[PDB]
Amino acid sequence: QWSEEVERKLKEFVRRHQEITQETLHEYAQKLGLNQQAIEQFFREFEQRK
Amino acid sequence: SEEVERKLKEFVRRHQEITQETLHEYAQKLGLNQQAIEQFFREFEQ
Amino acid sequence: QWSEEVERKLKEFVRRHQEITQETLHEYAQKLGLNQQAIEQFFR
Amino acid sequence: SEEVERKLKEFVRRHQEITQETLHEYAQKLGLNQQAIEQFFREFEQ
């Protein structure tokens, strides 16, 4: 035990938990952004054909 | 008619709004939980 | 050297994160469901 | 009317798949992080 190494490891666990969450939420929003662009494009293409 | 076009576009807009609001709420709740554990480590170290 | 309080706080952090996720997903499904049933009940 | 409704079906399906896959990936990454701290503590075992 090093109260030091243990403290370091716990703090890194908490930091990484937040890092993983932020990276996930951004990726999710990006992929949703793309799915939304796609259905918008369909609506336009459908209208063009009217 | 253009009425179908209206309802379908609104369905999609509401789907997006629900998604946006819920993602914001989720991030806020997770952020408070994160604040809580970080505050605990600060206090504990003091 | 071992802190039960630190152990329990960390386990609660992880528990609350899971709970927030499960509750958020459930709420998200409810809200999307209300919206879907509206577009369906528009017809006709 | 029907062809638009079917295309909206695929949008809704795709949004569900994006959400489900994102949740799986998120769980996997948090899992690795939790496993790492668990492994650190198992080093204290005789």
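With ideal geometry, Cβ positions are generated from the backbone for all residues, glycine too; neighbour counts draw on all protein chains shown. None of the figures in this text is laboratory data; all of them are computed from the coordinates on show.
Report Rg (one decimal) and Dmax (nearest whole number) for the protein assembly as shown, counting Cα atoms only, units Å.
Cα radius of gyration and Dmax of the protein assembly as shown are 22.0, 76 Å respectively.
Can you pick out the pairs among C:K31/D:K7; C:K9/D:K29; D:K7/D:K29; B:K9/D:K29; B:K29/D:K7 whose Cα atoms lie more than 27 Å from each other?
Among C:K31/D:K7; C:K9/D:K29; D:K7/D:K29; B:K9/D:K29; B:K29/D:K7, the Cα-Cα distance tops 27 Å for D:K7/D:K29; B:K9/D:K29; B:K29/D:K7.
Could you please state, rounded to a whole Å, how far the C-alpha centre of chain B is from the C-alpha centre of chain C?
Computed from Cα coordinates, the inter-centre distance equals 11 Å.
From other protein chains only, count the Cβ atoms within 10 Å of every residue's Cβ in A:40-50, then give the mean.
What the average comes to for A:40-50 is 2.
Ranked from highest to lowest mean number of other Cβ atoms within 10 Å per residue, what is the order of the peptides A:26-37, B:8-19?
Ranking the peptides A:26-37, B:8-19 by packing returns B:8-19, A:26-37.
222 nm [θ] for chain D, helices only, -39500 (n - 2.57) per DSSP H run of 4+, per residue, to 500? Numbers along the way, then the final one.
On the way: 1 runs with 41 residues, N = 46.
Calculated from helices alone, the mean residue ellipticity at 222 nm is -33000 deg cm²/dmol.
Can you tell which of C:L32, C:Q22, C:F42 lies farthest toward the positive end of the dipole of chain C, using +1 and -1 charges on the Cβ of basic and acidic side chains (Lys, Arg; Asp, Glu)?
C:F42
Shielding by partners for A:21-30, please: the mean number of other protein chain Cβ atoms within 10 Å of each residue's Cβ.
The shielding value for this peptide is 5.
About its Cα centre, how strong a charge dipole does chain D have in debye, to the nearest 20, once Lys and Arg get +1 and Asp and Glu get -1 at the Cβ?
Here chain D has a charge dipole of around 140 debye.
Rounded to two decimals, what is the ratio between the C-alpha radius of gyration of chain C and 2.2 N^0.38 Å?
On the way: Rg = 19.3 Å, N = 44, 2.2 N^0.38 = 9.3 Å.
So the Cα radius of gyration is 2.09 times the expected 2.2 N^0.38 Å.
Using only DSSP helix segments of four residues or longer, with each worth -39500 (n - 2.57), what per-residue ellipticity at 222 nm results for chain C after dividing by its residue count and rounding to 500?
Rounded to the nearest 500, it is -32500 deg cm²/dmol.
Any idea what diffusion coefficient chain B gets from Stokes-Einstein, in µm²/s, Kirkwood Rh on alpha carbon pairs, 20 °C, 1.002 mPa s?
Calculated translational D: 159 µm²/s.
Convert each backbone phi in region C:18-29 into a coupling constant with the Karplus relation 6.51 cos²θ - 1.76 cosθ + 1.60 (shift: θ = phi - 60°), then list the ³J(HN,Hα) values in order as whole Hz, x for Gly and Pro.
Coupling constants for region C:18-29: 5, 5, 4, 4, 5, 5, 5, 5, 5, 5, 4, 5 Hz.
Considering every residue in D:36-43, what mean count of other chain Cβ atoms within 10 Å of its Cβ is obtained?
What the average comes to for D:36-43 is 3.
Where nothing but the Cβ of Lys and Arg (+1) and of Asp and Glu (-1) is charged, how large is the charge dipole of the protein assembly as shown around its Cα centre, in debye to the nearest 20? Write out the running numbers ahead of the final one.
On the way: 30 positive and 38 negative charges, 128 e Å.
Approximately 620 debye in magnitude.
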